[PDB]
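Chemist: Below: one structure in structure tokens.
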There are 10 protein chains.
Amino acid sequence: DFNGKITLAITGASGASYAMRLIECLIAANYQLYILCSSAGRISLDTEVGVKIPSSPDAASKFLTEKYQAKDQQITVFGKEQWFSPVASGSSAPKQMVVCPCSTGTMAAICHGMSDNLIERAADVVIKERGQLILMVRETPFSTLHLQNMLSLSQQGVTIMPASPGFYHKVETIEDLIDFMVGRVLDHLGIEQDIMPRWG
Amino acid sequence: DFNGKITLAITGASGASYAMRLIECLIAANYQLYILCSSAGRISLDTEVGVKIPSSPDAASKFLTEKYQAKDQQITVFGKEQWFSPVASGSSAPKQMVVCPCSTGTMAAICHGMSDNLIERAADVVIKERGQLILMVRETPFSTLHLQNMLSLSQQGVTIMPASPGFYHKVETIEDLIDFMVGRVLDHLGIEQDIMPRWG
Amino acid sequence: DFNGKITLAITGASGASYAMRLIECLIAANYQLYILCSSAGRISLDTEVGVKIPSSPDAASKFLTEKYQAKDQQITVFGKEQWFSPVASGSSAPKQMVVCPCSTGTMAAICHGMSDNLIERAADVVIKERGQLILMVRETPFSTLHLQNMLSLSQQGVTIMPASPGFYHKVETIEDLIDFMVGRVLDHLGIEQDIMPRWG
Amino acid sequence: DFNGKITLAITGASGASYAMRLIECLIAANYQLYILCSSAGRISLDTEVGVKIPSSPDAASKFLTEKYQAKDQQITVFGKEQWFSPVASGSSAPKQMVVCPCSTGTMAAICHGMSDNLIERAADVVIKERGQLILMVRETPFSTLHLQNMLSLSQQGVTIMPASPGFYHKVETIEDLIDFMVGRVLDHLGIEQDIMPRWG
Amino acid sequence: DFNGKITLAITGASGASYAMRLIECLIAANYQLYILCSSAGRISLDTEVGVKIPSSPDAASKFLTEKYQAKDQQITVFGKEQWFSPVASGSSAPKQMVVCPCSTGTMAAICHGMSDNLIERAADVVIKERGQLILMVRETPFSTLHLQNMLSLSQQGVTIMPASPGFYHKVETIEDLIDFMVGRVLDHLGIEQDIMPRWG
Amino acid sequence: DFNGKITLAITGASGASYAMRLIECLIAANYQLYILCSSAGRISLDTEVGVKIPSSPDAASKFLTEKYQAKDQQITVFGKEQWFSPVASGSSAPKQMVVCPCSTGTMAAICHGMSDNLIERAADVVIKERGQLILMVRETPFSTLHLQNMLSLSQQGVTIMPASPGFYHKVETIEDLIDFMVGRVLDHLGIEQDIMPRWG
Amino acid sequence: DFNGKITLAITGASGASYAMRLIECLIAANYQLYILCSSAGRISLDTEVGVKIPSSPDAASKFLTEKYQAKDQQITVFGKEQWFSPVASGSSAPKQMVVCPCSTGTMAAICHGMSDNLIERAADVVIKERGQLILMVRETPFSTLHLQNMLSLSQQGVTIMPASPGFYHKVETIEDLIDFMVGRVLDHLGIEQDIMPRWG
Amino acid sequence: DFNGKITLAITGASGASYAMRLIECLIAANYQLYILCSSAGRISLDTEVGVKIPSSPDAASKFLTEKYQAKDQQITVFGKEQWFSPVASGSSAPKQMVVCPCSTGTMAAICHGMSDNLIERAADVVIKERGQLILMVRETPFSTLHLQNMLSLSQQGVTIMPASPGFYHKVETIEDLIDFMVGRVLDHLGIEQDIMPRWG
Amino acid sequence: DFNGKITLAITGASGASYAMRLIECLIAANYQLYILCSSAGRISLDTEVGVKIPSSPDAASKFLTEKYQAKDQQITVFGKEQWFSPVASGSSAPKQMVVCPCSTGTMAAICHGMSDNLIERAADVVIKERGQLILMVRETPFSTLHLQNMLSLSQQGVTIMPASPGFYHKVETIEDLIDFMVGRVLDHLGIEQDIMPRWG
Amino acid sequence: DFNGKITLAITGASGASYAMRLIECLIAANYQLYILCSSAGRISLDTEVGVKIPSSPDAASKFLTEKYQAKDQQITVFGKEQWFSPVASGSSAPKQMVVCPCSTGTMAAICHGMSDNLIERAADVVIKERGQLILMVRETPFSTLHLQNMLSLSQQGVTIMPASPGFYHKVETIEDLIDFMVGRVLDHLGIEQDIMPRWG
């Protein structure tokens, strides 16, 4: 008895911390998560935050389940070519999906409809079902070609959310900046920011 | 005998720290600066970082000169409607200009050619002279209309550089993230990153 | 314990009566209102309907509160440059906003992302959050440039609702025509037309 | 010896009163009128204002002639498929045509060149002769597709005049609002507003 | 008993002399003028040609009336926010308007429909009434964004007339070059060049 | 040992004086010039400024060499169909070319890639090599079709520089206006304005 | 044993003679014809050339069969709403269709995919099967909207063939002008012009 | 004392008879004509109708003057490169110009702004002055590229009038078909069809 | 009794050898050729391969006939302004045309519909008849404007075939590279590569 | 102490010889090279020119170093998924990159921002840093879709340089044709052609 199901995709764009905080807040918000991680996403998590997700999808699910202390079936990891997954079909796919962080190469593939891996096929499905797809892009600067990619998607209802946190405080901390972006994701997903737990 | 002249514009987009670090690095790089600050830019600097720029352009120049310990004529502040300034003419305007941070409302005015204040007129001049204009946008998400604004400018040679720093370290610090963006500005300006001084 | 929060903006386009009836119906529907009025909006209200809104935002809130007999905190007026207001941030801004009536100059500024006053910044925020923005345009004829403005916004999900009431009765009255437009606003906002009170 | 010839088309868009006042003012201005009324236009006139135009074009001409007390040949009604009419040819068609009110379905047909009835063929002719076609649209809101229709026509020189009267008075009356729109039609047609007669 | 009414707007684009000669020729042609001058327009007139227009609209009207020796009511100056002026309404606005000279920032505002001052609202009105608006642009070079602005307006029937006089003589004089542009304005307005008086 | 090589093209657009002053300043700046003159360019030079360029390219080179007192090989004129010239090849063509003045017919041919004479082929070459092409257009008004031509070229990196000099002085002289445009050309070419010699 | 099957549609555009000569030449070329005639097409044939096609499709087939002396099954007329006809299906429809003459209203319907009668559905079918559709337009002038219609179709492979015969002779005759257009149709259909029989 | 001045251009598109009838009707209507004929136009007139226009512009003027019995100065022929002609300047050029007939190659040059001969420069001038240019195109079929050419011009206010006469009679004659097109030209020029003289 | 008729055009783009090999293979394939050569095409043939085509079209036909040993009427050369040629009419023009090699200036003229010489008129004819036009472009790099030219033509069915031979062998020879391109032309023309004769 | 750093990418498009000559000339010009080779690039080098690059990046660097006799660190090969390479970051990536030869599939991926291998990520980086990317395309013909790809990139500043060498000599050799293209690459890179060594 979860409050919703969300697809979470993690790519390699140097914003692993955002992804990890997102998952924590979504677990606390009592949502069911289907988690997809690219090759580069996995390696980013290790390098940036020391989280070593097993490549085996079963052992990966168990791993995140214990990390975050999640409920039975609350977290399921699917593999990069596991095309039988619920996220690959209009029928069983969550109506909300976040790509956090999102590389411009993945964003481009999504823009053009390439569907060369599970992340890209899941996004394609959310778009054809007129669901809610949030791409938390992490790249700078933005070339002309990537703005044309972004513009396309945006016109088609996808939320382009660059990881560009504001500095709203007098002494800013890395936790404020991560939460700035994560609370705005939750805001877009319709989930209350009051459920976000303490960092300490 | 400075190495170059650059126009620096500061708007209110919650990224004051980036602007302050930029100025420091540009002073250290031995460039001449012409500094423009919007109303909201001034108030942002006070709130976010406790820098209280006098509104008087003369007293403002002196103020930043002492703050950063700059050379005679190294820093000159111009006022929001001082249309006689060197930045308002093709003849005397620096060929490089950075807007750091850049609100989307200022970016929109620049995109459409509005020139309603000195920041917008200076940008307009850099664009017609086919100079180098770098807009360090700080906003999220990016609406469709603002991506169309960004795309226009980008197609016209303006560098759209969202303030989206990468997390390249194992324990990230607010100084790494500021420098991530500032070193990339300097990279685009053709200035060596080796001149950036210590934070302590 | 209100049923919702809505932003109401009033510009000068000669349709003050529509705005005044809207507010009445929204108060009766038990919504919380954040009210923005441009310079020309204020002067329009005086000329067209003899409503003299104090320019002071506090005294303006009190004034409308007594006029319409609203609940504590049910009506708050914000000032044209009060950038700290809840409507200027994605986090705290109502997800529904109506501009009633809407000048084409304000509509143009919104279309292009100009954000030169609080009305324009509030609209910009509703659009980037993919909220519901209803512009009740009052202008005729519609130039080519203003149709391109309207078309842009419409494509981006904004409801362009010209103040073009139908004549559905045998003896039409000015109250029928105002309500024609106001009931259609309420229809779009998802509020029941049965709550609209008697004119007498 | 009339001052001009104008084509007047009436569709069903709930603005019959505007059409009836227009005809009165044009008769008083001493113009020759060729009147076209769609099926829905006829039924609108009955419902909204109790004017029962005979479907027979001859008896319809006589009827309006007596209603408005017009001069011999001052008013001629043509039928929905009478393709031999002067309005269906470049040679004999008035150079000014007003569609009052104008449904969006008729406007769409005109935009796309469909010419499926006499109204649409007459408009097509005014457009190819680079005459003056005024469409007094009565619809709200304006969908995206209908703004693209409007924009096309406007770019091609057609005057899109939504029936969106302004409230310029202290106690507005239904007669002021009708005249607001009708005087603006006359303004566009180059006819003096001083000839508009009293309502009483 | 004047031959016509024209709106004349003067902006700051360094072409004050053209404006002053235009007014002289239009007075001599016996037209009624409504004159609008921006802030920068006023300061340009002082600097470039020593004409010090009082900012008070009444004293400004009187001033130009005596300067040029014009007939009662032949010249009326309106103020930058006097929104009750005849030029701000479709009903009473001249069907011909010249902006001489025209800054690109004003041209941009007109292109996008901004209407932030009386000049921009007057232009907006001429465009929606399908009048004749002549923009005598004075700027070089023309950026890409400003050509897109110009192209829009031109497509919408506005005459883009850069102040680019030809050198048609063997010894050219500053008076020949001013008249080159002014006679071409008069040519577009349908006024005879034979009425232009002697410079001496 | 010249400081650079530039291609200079002269067309018939009534701005011969600008061309003649340009050449003088470029000779003084110690650049090597390759000069192209159209049929109408030659006749313009005679009529407007009494410079009678021999049509023979050899005698034309000698002629300008003596006129301006240039160094051996400093000035070479090529003929309208001499397709073996260095300006007709990517390999040997200067990377900077100015068309001064530039007719709209030549500009159109350049925009569309027509290459029907040497001027048009030289421009085509500068554009494909991504060199610097400056078109000093002299025409007014600018039709819609010519703005589309200009816009194309501008988007493709060509500097559209209408001959629209500003009036920056209190008593303007024809020499100030010529230099206004010529100093701005030199500004774009990266050549110091301090080298421009006295007129007397 | 015919050489091919062609669909022939006749609309009302005042070019009945062309249609009648086409049919004659196609019968002589030994093609099988499926003939469609609109309401206005039928009336045009009577008025312009005294050919009174019965509205009954069976009696119409017999009628044309005797007129032109055609072979059993060589000519079959289908009715305006007979949706079971072979021309309404991809499977059984001729791959070549000519609309001769073609009204702009029919052309518009075809351009937009309206399929409101058999002519329009047959054309729609030829286009989706990537067959050969030839529209012999007869209209002048061509409005902007109708050129956009024509351009669309042309881009999509439809042959826009205005009935604009050339005057290639010294004494031109109405028969030369009809044949000019008909021989060019046959040229496009791949049928030899040598089979066209004598007029006398 | 003529009623107007018109520019008439004749190209080679096989419609010489139309041109010759036009001139006759315009002479009878008492207009002043400036006549331009291309190389191919001249040869077309000889071949198609036995009119041998001398290539010398003076002897050509005299020739047409006697042919049509025109008044002193009523007909003046200008030569293909006589750039001093009144039709080559905004100041002295007729505001109405007809190209009859018009080749698609000339139309293309006009569309793109090429101005390679006097016909093309005259058209360019009418377009920049926002005059009335009527192109009586004679070509079939219309390729895609030529419809894009036509569409451009049409959007820019040029009347594309293919030589596609209707068959409005029971026995059509070559004179009816020529007049069909010529009366429609006169209709567009605002000249009464009653002045067209007898053929016999 | 030839197998087909093809139009071959040779321009100056430094690829004369390709043209000469093409002709040889087409003669061997037993096709009838109509050969067009521009001014620059002729000079290219002399310089690059020592083939001196007489400018006289009759002597040129005879010359190529003997060179290649062709059959009576197998090769006919037409002159650059011989407008009576079969290639200038829809009726008699080959349905296949190759421009080998093709300059970008000729390609541009074809793209825009200029038809200023016989090559350009022949191409225009193949395009309007929806024939097969193959442009073997020889230019590098490809500017933006020339890619827009190429893209247009390609979209309109023209085969853009840059002369970019592949290196498919271990020791490549100039004959392999010529044939690479020529066999691909023949492939597109539907002619068997087995008929290509030995080089020796 | 090299003169510059360049990224060289080799794909499979049958132009291996060009790549090998490029490397030689760049080594001789004393530039530092970072070399990327696709799977198909490697196999092309073996087949076409017998160069067997080891797939191991270290052994590949050593191999090319000895082949060309390069200086320590002068040549470094990176592997197809080695994402830590200097070419994958804005900070350390050469500002000049050549893809020689370039397949259309790689070009398409670059156009759309796909970044699926190191070549595509390196190009993406040069484009976002507004560096110099030269694509030496080798393909014929160019489909419509690939011209749209090329056009995009070109508009965004990428140099599309088809491998289309000119035949500038009397007896052409395969070495002349390779150098034609390689000298033009060096020309674009700003490197002197005088440093290119002898083939023998």
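Chain labels follow the order of the structure tokens: the first chain is A, the next B, and so on; residue numbering restarts at 1 in every chain, and ligands are counted from 1 in their shown order.
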Which residues come within 12 Å of region 191-193 of chain G, counting only C-alpha atoms, excluding same-chain residues fewer than 2 positions away, as a list in words?

Modeler: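 The residues satisfying every condition are residues 3, 4, 6, 22, 25, 26, 27, 28, 29, 30, 31, 96, 179, 180, 181, 182, 183, 184, 185, 186, 187, 188, 189, 195, 196, 197 and 198 of chain G; 91 and 92 of chain I.
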
Chemist: Kindly export the residues of the current selection with C-alpha atoms, as an mmCIF file, in the first residue's frame.

Modeler:
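Generated file (again.cif):
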data_model
loop_
_atom_site.group_PDB
_atom_site.id
_atom_site.type_symbol
_atom_site.label_atom_id
_atom_site.label_comp_id
_atom_site.auth_asym_id
_atom_site.auth_seq_id
_atom_site.Cartn_x
_atom_site.Cartn_y
_atom_site.Cartn_z
ATOM 1 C CA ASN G 3 -4.003 0.078 -72.045
ATOM 2 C CA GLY G 4 -4.668 1.528 -68.603
ATOM 3 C CA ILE G 6 -7.435 6.515 -65.264
ATOM 4 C CA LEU G 22 -9.279 15.004 -72.607
ATOM 5 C CA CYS G 25 -8.152 11.637 -76.447
ATOM 6 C CA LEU G 26 -8.092 9.124 -73.635
ATOM 7 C CA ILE G 27 -10.840 7.086 -75.310
ATOM 8 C CA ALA G 28 -8.822 7.189 -78.554
ATOM 9 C CA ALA G 29 -5.670 6.188 -76.622
ATOM 10 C CA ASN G 30 -7.671 3.127 -75.577
ATOM 11 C CA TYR G 31 -7.729 3.760 -71.819
ATOM 12 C CA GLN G 96 -3.434 7.899 -62.335
ATOM 13 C CA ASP G 179 -4.901 20.897 -77.057
ATOM 14 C CA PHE G 180 -1.948 22.710 -75.595
ATOM 15 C CA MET G 181 -3.271 21.790 -72.140
ATOM 16 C CA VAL G 182 -4.626 18.312 -73.088
ATOM 17 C CA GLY G 183 -1.380 17.247 -74.840
ATOM 18 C CA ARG G 184 0.504 18.263 -71.728
ATOM 19 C CA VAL G 185 -1.796 16.144 -69.590
ATOM 20 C CA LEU G 186 -1.173 13.197 -71.931
ATOM 21 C CA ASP G 187 2.545 13.936 -71.847
ATOM 22 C CA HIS G 188 2.416 13.649 -67.961
ATOM 23 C CA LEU G 189 0.288 10.449 -68.168
ATOM 24 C CA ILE G 195 -3.253 9.314 -80.873
ATOM 25 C CA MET G 196 -5.166 12.669 -80.449
ATOM 26 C CA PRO G 197 -7.834 12.801 -83.110
ATOM 27 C CA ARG G 198 -8.946 15.527 -85.455
ATOM 28 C CA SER I 91 7.205 18.402 -74.838
ATOM 29 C CA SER I 92 10.545 17.422 -76.385
#

Chemist: Using DSSP on the backbone coordinates, identify all residues within chain C classified as strand (DSSP E or B); present the result as a PyMOL selection string.

Modeler: chain C and resi 5-10+32-37+75-78+96-102+132-137+159-160

Chemist: Would you write out those residues with C-alpha atoms, as a short mmCIF file (atom, residue, chain, number, x, y, z; two decimals), in the first residue's frame?

Modeler:
data_model
loop_
_atom_site.label_atom_id
_atom_site.label_comp_id
_atom_site.auth_asym_id
_atom_site.auth_seq_id
_atom_site.Cartn_x
_atom_site.Cartn_y
_atom_site.Cartn_z
CA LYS C 5 -5.38 29.37 -3.79
CA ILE C 6 -5.60 31.37 -7.06
CA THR C 7 -3.60 34.30 -8.35
CA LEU C 8 -5.73 37.10 -9.79
CA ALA C 9 -4.11 39.83 -11.85
CA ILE C 10 -6.02 42.91 -13.05
CA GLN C 32 -7.90 32.04 -1.22
CA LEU C 33 -6.90 34.90 -3.47
CA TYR C 34 -3.63 36.62 -4.15
CA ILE C 35 -4.47 39.85 -6.02
CA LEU C 36 -2.14 41.82 -8.27
CA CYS C 37 -3.19 45.07 -9.95
CA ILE C 75 -7.50 38.14 0.22
CA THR C 76 -3.94 39.52 0.05
CA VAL C 77 -2.82 42.21 -2.37
CA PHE C 78 0.77 42.34 -3.49
CA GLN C 96 -3.88 28.60 -11.04
CA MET C 97 -3.65 32.19 -12.20
CA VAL C 98 -6.11 34.39 -14.06
CA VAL C 99 -5.29 37.71 -15.73
CA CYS C 100 -8.67 39.48 -15.91
CA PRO C 101 -8.83 41.57 -18.00
CA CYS C 102 -5.55 41.22 -19.89
CA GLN C 132 -2.92 26.85 -15.35
CA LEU C 133 -2.69 30.46 -16.70
CA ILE C 134 -5.86 32.00 -18.15
CA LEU C 135 -5.53 35.29 -19.98
CA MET C 136 -8.90 37.00 -20.53
CA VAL C 137 -7.77 39.25 -23.37
CA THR C 159 -5.70 29.53 -22.08
CA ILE C 160 -6.40 32.52 -24.33
#

Chemist: Could you give me, as a ChimeraX atom specification, each residue of region 104-184 of chain G that DSSP assigns to alpha helix (DSSP H) when run on this structure's backbone?

Modeler: /G:104-112,118-128,144-155,174-184

Chemist: Taking into account only C-alpha atoms, which residue in the set E:157, E:177, E:167, E:194 is nearest to chain F?

Modeler: E:167

Chemist: Return the neighbours of chain I among the residues of chain J, cut-off 8 Å, counting only C-alpha atoms, as a PyMOL selection string.

Modeler: chain J and resi 13-16+47-50+138-144+147-148+150-151+154-155+159-174

Chemist: Could you work out how far CA of residue 117 (chain J) lies from CA of residue 55 (chain A), giving the answer in Å with one decimal?

Modeler: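 Going from CA of residue 55 (chain A) over to CA of residue 117 (chain J), I get 21.0 Å.
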
Chemist: Could you jot down the CA of residue 53 (chain G) to CA of residue 86 (chain D) separation for me, Å, one decimal place?

Modeler: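 Straight-line distance from CA of residue 53 (chain G) to CA of residue 86 (chain D) works out to 26.8 Å.
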
Chemist: How far is it from CA of residue 23 (chain H) to CA of residue 115 (chain I), in Å with one decimal?

Modeler: 27.1 Å

Chemist: Identify, on the basis of only C-alpha atoms, every residue whose closest approach to residue 109 (chain C) does not exceed 10 Å; exclude the query and any residue fewer than 4 positions from it along the same chain; express the result as a PyMOL selection string.

Modeler: (chain B and resi 105+108-109) or (chain C and resi 104-105+113-117+119-121+123-124+149) or (chain E and resi 109+112-116)

Chemist: Generate a file of the selected residues that holds N, CA, C and O atoms, formatted as a PDB file, in the first residue's frame.

Modeler:
ATOM      1  N   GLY B 105      14.492  36.949 -17.157  1.00  0.00           N
ATOM      2  CA  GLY B 105      13.887  38.154 -17.689  1.00  0.00           C
ATOM      3  C   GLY B 105      14.864  39.044 -18.414  1.00  0.00           C
ATOM      4  O   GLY B 105      14.518  39.655 -19.469  1.00  0.00           O
ATOM      5  N   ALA B 108      15.650  37.375 -21.684  1.00  0.00           N
ATOM      6  CA  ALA B 108      14.531  37.531 -22.657  1.00  0.00           C
ATOM      7  C   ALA B 108      14.662  38.892 -23.341  1.00  0.00           C
ATOM      8  O   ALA B 108      14.518  39.027 -24.586  1.00  0.00           O
ATOM      9  N   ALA B 109      14.825  39.916 -22.532  1.00  0.00           N
ATOM     10  CA  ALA B 109      15.060  41.247 -23.084  1.00  0.00           C
ATOM     11  C   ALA B 109      16.216  41.331 -24.050  1.00  0.00           C
ATOM     12  O   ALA B 109      16.098  41.898 -25.201  1.00  0.00           O
TER      13      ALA B 109
ATOM     14  N   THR C 104      -3.113  43.566 -24.191  1.00  0.00           N
ATOM     15  CA  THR C 104      -2.177  42.878 -25.101  1.00  0.00           C
ATOM     16  C   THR C 104      -0.755  43.202 -24.731  1.00  0.00           C
ATOM     17  O   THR C 104       0.091  42.367 -25.035  1.00  0.00           O
ATOM     18  N   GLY C 105      -0.422  44.369 -24.134  1.00  0.00           N
ATOM     19  CA  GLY C 105       0.959  44.622 -23.775  1.00  0.00           C
ATOM     20  C   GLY C 105       1.464  43.726 -22.674  1.00  0.00           C
ATOM     21  O   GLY C 105       2.647  43.271 -22.704  1.00  0.00           O
ATOM     22  N   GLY C 113       8.588  36.398 -22.084  1.00  0.00           N
ATOM     23  CA  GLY C 113       9.298  36.110 -20.805  1.00  0.00           C
ATOM     24  C   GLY C 113       9.931  37.283 -20.063  1.00  0.00           C
ATOM     25  O   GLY C 113      10.910  37.094 -19.373  1.00  0.00           O
ATOM     26  N   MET C 114       9.404  38.480 -20.283  1.00  0.00           N
ATOM     27  CA  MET C 114       9.965  39.722 -19.806  1.00  0.00           C
ATOM     28  C   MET C 114       9.932  39.909 -18.291  1.00  0.00           C
ATOM     29  O   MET C 114      10.883  40.453 -17.749  1.00  0.00           O
ATOM     30  N   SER C 115       8.896  39.532 -17.613  1.00  0.00           N
ATOM     31  CA  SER C 115       9.015  39.559 -16.108  1.00  0.00           C
ATOM     32  C   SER C 115       9.504  40.912 -15.618  1.00  0.00           C
ATOM     33  O   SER C 115      10.394  40.941 -14.738  1.00  0.00           O
ATOM     34  N   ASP C 116       8.956  42.033 -16.147  1.00  0.00           N
ATOM     35  CA  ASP C 116       9.317  43.458 -15.696  1.00  0.00           C
ATOM     36  C   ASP C 116       8.489  43.974 -14.516  1.00  0.00           C
ATOM     37  O   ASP C 116       8.761  45.034 -13.943  1.00  0.00           O
ATOM     38  N   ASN C 117       7.481  43.234 -14.101  1.00  0.00           N
ATOM     39  CA  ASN C 117       6.722  43.564 -12.890  1.00  0.00           C
ATOM     40  C   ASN C 117       6.211  42.300 -12.279  1.00  0.00           C
ATOM     41  O   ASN C 117       6.489  41.219 -12.800  1.00  0.00           O
ATOM     42  N   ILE C 119       3.152  41.042 -11.995  1.00  0.00           N
ATOM     43  CA  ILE C 119       2.192  40.310 -12.787  1.00  0.00           C
ATOM     44  C   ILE C 119       2.909  39.389 -13.754  1.00  0.00           C
ATOM     45  O   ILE C 119       2.635  38.187 -13.847  1.00  0.00           O
ATOM     46  N   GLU C 120       3.847  39.973 -14.457  1.00  0.00           N
ATOM     47  CA  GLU C 120       4.622  39.236 -15.482  1.00  0.00           C
ATOM     48  C   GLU C 120       5.531  38.157 -14.861  1.00  0.00           C
ATOM     49  O   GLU C 120       5.606  37.033 -15.324  1.00  0.00           O
ATOM     50  N   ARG C 121       6.176  38.436 -13.750  1.00  0.00           N
ATOM     51  CA  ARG C 121       6.913  37.399 -13.060  1.00  0.00           C
ATOM     52  C   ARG C 121       6.003  36.257 -12.533  1.00  0.00           C
ATOM     53  O   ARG C 121       6.367  35.094 -12.591  1.00  0.00           O
ATOM     54  N   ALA C 123       3.104  35.257 -13.789  1.00  0.00           N
ATOM     55  CA  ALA C 123       2.713  34.443 -14.965  1.00  0.00           C
ATOM     56  C   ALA C 123       3.843  33.562 -15.376  1.00  0.00           C
ATOM     57  O   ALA C 123       3.598  32.385 -15.788  1.00  0.00           O
ATOM     58  N   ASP C 124       5.070  34.119 -15.396  1.00  0.00           N
ATOM     59  CA  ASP C 124       6.236  33.346 -15.810  1.00  0.00           C
ATOM     60  C   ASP C 124       6.435  32.121 -14.951  1.00  0.00           C
ATOM     61  O   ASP C 124       6.806  31.007 -15.435  1.00  0.00           O
ATOM     62  N   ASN C 149       1.653  36.267 -30.722  1.00  0.00           N
ATOM     63  CA  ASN C 149       1.890  36.266 -29.264  1.00  0.00           C
ATOM     64  C   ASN C 149       0.916  35.237 -28.653  1.00  0.00           C
ATOM     65  O   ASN C 149       1.317  34.364 -27.870  1.00  0.00           O
TER      66      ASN C 149
ATOM     67  N   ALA E 109      10.501  46.646 -29.194  1.00  0.00           N
ATOM     68  CA  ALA E 109       9.256  46.740 -28.438  1.00  0.00           C
ATOM     69  C   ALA E 109       8.009  46.793 -29.287  1.00  0.00           C
ATOM     70  O   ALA E 109       6.998  46.028 -29.055  1.00  0.00           O
ATOM     71  N   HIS E 112       7.386  43.304 -30.918  1.00  0.00           N
ATOM     72  CA  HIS E 112       6.882  42.265 -29.981  1.00  0.00           C
ATOM     73  C   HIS E 112       5.541  42.628 -29.290  1.00  0.00           C
ATOM     74  O   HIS E 112       4.994  41.826 -28.592  1.00  0.00           O
ATOM     75  N   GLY E 113       5.078  43.856 -29.513  1.00  0.00           N
ATOM     76  CA  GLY E 113       3.787  44.356 -28.959  1.00  0.00           C
ATOM     77  C   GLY E 113       3.779  44.864 -27.521  1.00  0.00           C
ATOM     78  O   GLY E 113       2.764  44.779 -26.863  1.00  0.00           O
ATOM     79  N   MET E 114       4.932  45.311 -27.042  1.00  0.00           N
ATOM     80  CA  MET E 114       5.160  45.675 -25.663  1.00  0.00           C
ATOM     81  C   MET E 114       4.402  46.911 -25.185  1.00  0.00           C
ATOM     82  O   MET E 114       3.954  46.918 -24.047  1.00  0.00           O
ATOM     83  N   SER E 115       4.280  47.939 -25.962  1.00  0.00           N
ATOM     84  CA  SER E 115       3.351  49.038 -25.505  1.00  0.00           C
ATOM     85  C   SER E 115       3.678  49.482 -24.089  1.00  0.00           C
ATOM     86  O   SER E 115       2.734  49.651 -23.284  1.00  0.00           O
ATOM     87  N   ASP E 116       4.975  49.683 -23.752  1.00  0.00           N
ATOM     88  CA  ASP E 116       5.435  50.190 -22.376  1.00  0.00           C
ATOM     89  C   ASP E 116       5.480  51.715 -22.250  1.00  0.00           C
ATOM     90  O   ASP E 116       5.680  52.274 -21.166  1.00  0.00           O
TER      91      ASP E 116
END
